[PDB]
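Presented as structure tokens, the chain that follows is alone, the form deposited in one PDB entry.
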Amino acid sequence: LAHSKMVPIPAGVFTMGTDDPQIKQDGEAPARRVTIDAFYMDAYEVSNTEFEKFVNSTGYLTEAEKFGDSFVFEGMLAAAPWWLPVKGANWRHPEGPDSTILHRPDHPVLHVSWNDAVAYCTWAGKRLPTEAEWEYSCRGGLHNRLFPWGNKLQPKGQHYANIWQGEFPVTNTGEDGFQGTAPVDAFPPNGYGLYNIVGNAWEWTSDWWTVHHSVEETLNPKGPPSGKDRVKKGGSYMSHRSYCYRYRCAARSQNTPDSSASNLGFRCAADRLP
């Protein structure tokens, strides 16, 4: 196991967003050409084991631990009836006080806020990726595709990501092999060697959230200078075509920085190898 390895993301230009937005409210449009300098990205979502090394080293108490609760999806026991703020739900206790991470050391860390994610990444000699870096990397060297691997959800009849199958939220069939999270090294890599960049856990980025984008070409953009929500990307094991069609690289959503949930995690990036 080497679940803190990073891969080199090459310098390049890419089309961020899409002129065929599927969730227009989220500012997926307009497509815009963005130049990204070479940098490093974590191959994997940060896992429970890796986060635990952080907490062991620093003594860090996460915001959900300090608040005393976090959001859990009802199906595994609000912004929807199926989101419940559960007392004692946190990264070590992902469905509440009588759940554990002991049997899932290699799954992505959950119930970490934007601040928690910044603390970890900076501890690791790293940082969060910008939205642009995140999306460029998600796209894995392909131009204007829906998904990291292309435009078919199940290429060659194979599942390529951990999302929802069945009738959301009543029934998750587990067709893809996982109802909740999967190990961070599950499913094929994209063309840059990244795992689970769509699906599994949502992923925090550094950017403040806006839905207002210029078509202007930009270089290593950092997003808007102010805001109230930070940008998350890539969707989760809860995502489905019918309600949360956000397991696309162009997709995007947001939460306040002190937010945490049973489907939200992160990975880090770095300018140089730490």
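When you see a residue number, it is the position in the sequence shown, counting from 1.
Same protein, other form: the form solved in complex with a partner chain, not shown, and the subject of what follows.
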Task: Option from 43 to 51, 28 to 36, 64 to 72, 216 to 224 whose residues, in the deposited bound form, bring a heavy atom within 4.5 Å of its partner chain - done: 64 to 72
Open item on the list: Contact with its partner chain in the deposited bound form for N255, defined as at least one heavy atom pair within 4.5 Å: yes or no?
Closed with: yes
- [ ] Using the partner position in the deposited bound form, report whether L153 sits within 4.5 Å of its partner chain, counting heavy atoms only.
- [x] no
TODO: Spell out, yes or no, whether the shortest heavy atom distance between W83 and its partner chain in the deposited bound form is within 4.5 Å.
DONE: yes
Task: Close approach of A79 to its partner chain in the deposited bound form, 4.5 Å, heavy atom - done: yes
Task: Of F187, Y136, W202, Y120, the one that lies within 4.5 Å of its partner chain in the deposited bound form (heavy atoms) - done: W202
